Each structure stands twice: as C-alpha cells, then as structure tokens.
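**Student:** From the sequence below, what's the structure:
(4 chains)
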Amino acid sequence: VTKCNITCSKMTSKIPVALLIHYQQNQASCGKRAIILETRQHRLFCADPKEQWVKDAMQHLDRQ
Amino acid sequence: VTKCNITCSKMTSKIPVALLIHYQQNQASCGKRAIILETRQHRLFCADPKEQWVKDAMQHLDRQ
Amino acid sequence: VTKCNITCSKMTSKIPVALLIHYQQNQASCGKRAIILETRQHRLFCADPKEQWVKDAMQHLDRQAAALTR
Amino acid sequence: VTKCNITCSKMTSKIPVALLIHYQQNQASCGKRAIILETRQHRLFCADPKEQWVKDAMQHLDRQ
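**Tutor:** Numbers count the residues shown, from 1 in each chain, chains lettered A, B, ... in the order given. Okay, here it is:
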C-alpha cells in the first residue's frame, strides 16, 4: 500500500518562508526523502531536506 | 525549468473536479507529461493528461 | 489527545448527503461525541452520531475517500 | 427556531491568515460571540472577534 507516486528528481533552491503555507514529504517507498513545499498560490516545489533552509522552513511551518 | 523536478507515475481514475484545488504538469525534461492533482484535503494524485476528464479539470481549474 | 475547544450543543437535523463533503468528530476530552459536518458551501454543522443518518453520512464520505485510494 | 449549534471556549493566538480557509460566527443564541476558524489543514479553532487580527482575518476571507 501507499507506493511511491509523486516524487522529486532535482530539487529547487530557496523559497522565501513568507510564501510557504505547507509541506509534505514523498512516500518512504520512494527512497530518498523529498520535501514537497506548497506556496500560498498552491505552487508545488521539491526541496532537499538535507538543506538548512528546508529544515528551517519545515520548523517554522510546523511551529505555526 | 532546466531539469525534471516534481513528477509522478501512478495514474488515478476520474476524480470528481469539485474535490480539486490545483494542478501542475511536470517539466518537459521529465519526458512523458504527468499532471499532479491536489484535492481539498491536500492529497496528491497523478493524472494522465490524455484523458478527457483531466483536460477538463485543468481547463476548469484554470477558469479561476 | 488534547483539550476540548469546539463543541456542539443543539444538533442539526438531517442534511441531504449530497451536500456533505467532510466530517470530523470533536475531541475525546469533550465527553459526548459530536460530528462536525461540512457542506459544499463549507458551512459547518453539529450532528449527533447516535443518529442513523449521521452514521450513513460518515460512511458515505469515508467510502468516497476510500475509492480515491485506488 | 435557530439554536446554538456549534460553539467554542478556548480562543487562539493570531493564526496566520494564509492558513485560514473559512470562518463562521456562532449563533446569536449561544450568547457571547465566538468565531469558528477553519484552517487549510481543516483544523477548527475558536477566535475572539474583539481582537483585530480576527476582524482582519474575517475581512480577508470575505475577499477570498
């Protein structure tokens, strides 16, 4: 169940915390972890959780 | 952009459009076109754009 | 799991199931179970889970979401 | 004929309006006014309409 569907190949770069309303990660069966960032406009972006700014952004997004 | 970022591979069955709040296609460099659809509850699916219902949903979503 | 914030006092009579797009229950902390129904217009209503129509409505909704998993 | 249906006790600190998707006041028969706030993630909170961020929140949603 819940196989890898939506995933990431290459990752974006910094996206201002002000624009993010949400995140989710891809499915564990996808392999590497990819963070799916969602803008207020509901644009979806792929981000590398290994990045400080992504860690940073999840923190804030959770801490709200 | 230059390379394949978000993409998906498991193509759903017709999802009622009421439930939908956004779509975005993957990048050309991903090869095959795939539509990432997002429901109101924020679940992500993958849609085959060859299907009329998908074309219809994107046109509708665009009408907004 | 948490404190009780939103709760229900007077319950709403049957709503045509076609108008319903979502439900959730209050918190266990609250005591009595209350179902919060959301309509297409996104109005929130309080319904009594002891009522067959609310049970039917939750199953309908859950079946919808289930179908989407495939 | 119109009775107190949903209402709530504990209020909430200024929630980012970008997370809000909906509001509704409680019924007049509940007594004091409380605003029920719904987030993108569809969580439900109570807000005090005397606070300016709540009024602001309501006006924004009204335009949304």
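
**Student:** tell me which parts of chain A are close to chain B?
**Tutor:** A:3-12, A:22, A:24, A:36, A:38, A:42-46 (CB under 8 Å from any CB of the partner chain). In short, each C-beta sits where N, CA and C put it, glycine included.

**Student:** check the residues you listed against chain D, which are close?
**Tutor:** Within the residues of chain A next to chain B, those near chain D by CB under 8 Å from any CB are residue A:22.

**Student:** Give me the buried entries from the residues of chain A next to chain B.
**Tutor:** A:5-8, A:11-12, A:22, A:36, A:38, A:44-46 (16 or more other CB atoms under 10 Å in any protein chain shown).

**Student:** Three-state assignment for the closest residue to residue A:12 other than its chain neighbours, please.
**Tutor:** Among residues not flanking residue A:12 along the chain, residue A:45 sits closest, at 4.6 Å (CB to CB, 6 or more residues apart in numbering or on different chains). Secondary structure, DSSP: H, G, I helix; E, B strand; the rest coil: residue A:45 is strand.

**Student:** Hmm, residue A:37 and residue A:45 touching each other?
**Tutor:** Yes - Residue A:45 is within contact range of residue A:37, at 4.4 Å (criterion: CB atoms under 8 Å).

**Student:** Common neighbours of these two, please.
**Tutor:** Taking CB atoms under 8 Å, 6 or more residues apart in numbering or on different chains as the contact rule, residue A:45 and residue A:37 both touch A:12, A:15.

**Student:** can you pull the contacts of the residue nearest to residue A:12?
**Tutor:** A:12, A:15, A:36-39, B:5-6.

**Student:** In space, what's closest to residue A:22 - neighbours in sequence excluded?
**Tutor:** residue A:38 (4.3 Å).

**Student:** I misspoke; the intended subject was residue A:2.
**Tutor:** Using CB to CB, 6+ apart, the closest residue to residue A:2 is residue A:27 (5.9 Å).

**Student:** same question, residue A:9
**Tutor:** Per CB to CB, 6+ apart, closest to residue A:9 is residue B:4, 4.1 Å.

**Student:** what sits against the one you found?
**Tutor:** A:9-10, B:26-27, B:29-31 are the contacts of residue B:4 under CB under 8 Å, 6+ apart.

**Student:** Quick check: the farthest pair among the residues you listed?
**Tutor:** Distance extremes for the contacts of residue B:4: the farthest pair is A:10 and B:31 at 14.0 Å, using CB to CB.

**Student:** Show me where chain A has its helices.
**Tutor:** A:52-62 (DSSP state H).

**Student:** Get me the contact residues on it for chain C.
**Tutor:** So chain A never meets chain C (CB under 8 Å from any CB).

**Student:** Quick one: the strands in chain A, in order.
**Tutor:** Using DSSP state E, the strands of chain A run over A:7-8, A:20-25, A:35-39, A:44-47.

**Student:** could you dump these to a markdown table with distance to residue D:58?
**Tutor:** Listed next are the strands of chain A as a markdown table, based on distance: least, CB to CB, whole Å:
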| stretch | distance to residue D:58 |
| --- | --- |
| strand A:7-8 | 37 |
| strand A:20-25 | 19 |
| strand A:35-39 | 23 |
| strand A:44-47 | 29 |
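
**Student:** Residue D:62 is nearest to which of the ones you listed?
**Tutor:** strand A:20-25 (19.1 Å).

**Student:** Measure how the closest one sits relative to helix A:52-62, angle-wise.
**Tutor:** 110 degrees (axes from the mean of the first three to the mean of the last three CA atoms, to 10 degrees).
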